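>>> need a 3D model of the sequence below.
(one chain, ligands or ions: 1)
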Amino acid sequence: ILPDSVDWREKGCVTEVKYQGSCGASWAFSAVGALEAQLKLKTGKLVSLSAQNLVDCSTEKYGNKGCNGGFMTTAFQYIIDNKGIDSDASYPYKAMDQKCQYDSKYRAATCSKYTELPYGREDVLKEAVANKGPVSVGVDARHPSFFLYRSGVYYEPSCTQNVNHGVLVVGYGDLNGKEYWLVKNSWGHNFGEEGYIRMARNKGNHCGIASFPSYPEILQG
Ligand SMILES: CC1(C)CCN(C[C@H](O)Cn2nc(-c3ccc(C(F)(F)F)c(CNCc4ccc(F)cc4)c3)c3c2CCN(S(C)(=O)=O)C3)CC1
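Residues are numbered from 1 along each chain as shown. Let me share the structure:
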């Protein structure tokens, strides 16, 4: 029914890994990455979208607190309400809280809608990654093993389904009996597998990967 493996990087839909630094903006990076993939499918152009734009402008009205955390779903709502999000190049990432500096002149994407998936359904998530594109999700990253991850299929016994770090699922697969999720993180290229972490799949919603998945869309109309 579904493909055994997916890697949205192979279709040119994933921008370079970013470096969030001391600013807790992983929620913003999760959000732009998902929308970038929809933009590339829609327009044929791969352009990084401004995570800083979300940190500075999708704030209190959306329950977000910039470098102190946020949600991807209300980040998408902001983009809908704002009728735009800027390119990352026009509004680059500074890893701190700033005044909203959105400028419609440098709008690089829109958002028509977003969709949330039901908690813990890794089959429903697998289908969405296959059929819709990369999915924004939260994970439990509050473990030293996460910070220290270098390669392989990550499994942390003490992981919980409560989420606290925004990431982007750009794929899934199976490595020698270990089914994994392919996860784009925002800790630069030196983390994990060139900025990615492959996380255990179909192991009881391990680290909450499927706790709060969502994805945006950019419709023709
Ligand atoms: C629309 C509303 C008004 C606002 C959004 N609401 C979402 C709803 O509460 C569902 N939800 N979503 C998340 C969720 C999903 C992804 C991410 C991530 F990706 F960033 F990591 C995170 C982390 N950031 C949280 C955060 C947000 C603002 C802030 F300043 C500081 C921190 C949380 C959680 C929950 C319930 C409780 N969990 S938990 C402990 O894991 O069970 C966390 C619904 C009402």
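>>> any residue of stretch 62-78 touching the ligand?
Yes: using CB under 6 Å from any ligand atom, stretch 62-78 reaches the ligand at 63-65, 68-74. The C-beta positions use only the backbone N, C-alpha and C, and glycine is treated the same way.
>>> for residue 182, pull up the helix or strand it's in.
Using DSSP states H and E, residue 182 maps to strand 178-184.
>>> report the buried residues of that strand.
Across strand 178-184, burial judged by 16 or more other CB atoms under 10 Å covers 179-184.
>>> so how far is it from its chain's centroid?
Mean-position distance between strand 178-184 and its chain equals 14 Å (CA atoms, centre = their mean, to the nearest Å).
>>> tell me how many other residues crowd residue 127.
14 (other CB atoms under 10 Å).
>>> how far off strand 178-184 does the helix or strand harbouring it point, in degrees?
Residue 127 belongs to helix 122-131 when elements are defined using DSSP H and E. Orientation note: helix 122-131 sits at an angle of 50 degrees relative to strand 178-184 (axes from the mean of the first three to the mean of the last three CA atoms, to 10 degrees).
>>> whether helix 122-131 contacts the ligand - can you check?
No: applying CB under 6 Å from any ligand atom, one finds helix 122-131 separated from the ligand by no less than 13.7 Å.
>>> put the alpha carbons of the helix or strand following that helix into CSV.
Downstream of helix 122-131, the first helix or strand assigned by DSSP H and E is strand 135-139. Taking Å, rounded to 0.1, in the frame of the first residue of the first chain, the C-alpha atoms of strand 135-139 are listed here in CSV:
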residue,chain,number,x,y,z
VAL,A,135,5.7,16.5,8.6
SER,A,136,6.3,18.8,11.6
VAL,A,137,6.5,16.9,14.8
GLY,A,138,7.7,17.3,18.4
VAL,A,139,10.0,14.9,20.1
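>>> which outside residues touch strand 135-139?
For strand 135-139, the external contacting residues (CB atoms under 8 Å, 6 or more residues apart in numbering) are 27, 30-31, 33-34, 72, 117, 125, 128-129, 163-169, 183, 199, 207-216.
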